[PDB]
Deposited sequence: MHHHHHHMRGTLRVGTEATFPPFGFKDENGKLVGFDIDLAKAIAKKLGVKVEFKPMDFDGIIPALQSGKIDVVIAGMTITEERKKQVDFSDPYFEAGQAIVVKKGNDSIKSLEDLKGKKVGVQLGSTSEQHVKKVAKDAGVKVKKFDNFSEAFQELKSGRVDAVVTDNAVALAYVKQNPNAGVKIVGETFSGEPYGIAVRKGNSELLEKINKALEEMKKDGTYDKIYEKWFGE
């Protein structure tokens, strides 16, 4: 059976991928991508915004049909979900106060307080470098960034376009990006393991979108030429 409604697990605090406009509506690159894929499949989207660490459980337990949530494809995750072909390539970045000149890389988080999203690749990357780093873990990244603003952490680590977005969205916070890398986090759309019928349709849609202009129009909307 082809579901007429695809329940899409997504972010709500992960600009420019999944966040809320000024009327509380979900927007972002992943929101636009989901709608485009749904249109090619002939179905409607129902978004389920949720904290990231609950996304794999949601998909495995049948709360959602698909994940478009800035989710990096990893070999370990492929034991938990099936992924589409990659739809985006991200990197990493660290956000610090403008005043700070001690932190230029993950190496420099030595004996510092650092915030990360629970369940993220960022959390894995920082766990590795931590040399006595004090890691604080958050249910969503807006909470992490809250603690940076208040001085509860000295840095927050996330995907590079989200770090940039937080900086652009918060001039009054007097923050800046350091340690930026540009690749190494391929994003994929995930479906339940063994849902080959839906995965094939999603792959085909993505391939068509990259051919026909649809993908490149979404990319330009969010990132420019």
{"property": "Gaps in the model, given as deposited-sequence positions counted from residue 1", "result": "1-6, 137-138"}
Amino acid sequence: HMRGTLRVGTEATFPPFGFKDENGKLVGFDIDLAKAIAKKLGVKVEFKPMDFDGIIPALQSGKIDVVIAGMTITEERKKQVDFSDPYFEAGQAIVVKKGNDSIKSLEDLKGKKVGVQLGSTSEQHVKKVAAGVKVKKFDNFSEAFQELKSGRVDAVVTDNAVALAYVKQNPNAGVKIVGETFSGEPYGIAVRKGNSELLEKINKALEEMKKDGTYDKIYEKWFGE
From here on, numbers count along this sequence of modelled residues.
query: Higher-scoring stretch by recorded Cα B factor average, 66-74 or 176-184; finding: 176-184
query: Residue range whose averaged C-alpha B-factor is higher in the record, 137-145 or 104-112; finding: 104-112
query: Residue selected from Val81, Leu118, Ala90, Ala130 by maximal Cα B factor; finding: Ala130
query: Third of chain Cα B-factors occupied by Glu11; finding: lowest
query: Cα B factor band for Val45 (lowest, middle or highest third within the chain); finding: highest
query: Chain thirds of CA B-factor: placement of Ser196; finding: highest
query: Record-listed C-alpha B factor of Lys35: chain third; finding: lowest
query: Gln60 CA temperature factor, ranked by third within the chain; finding: middle
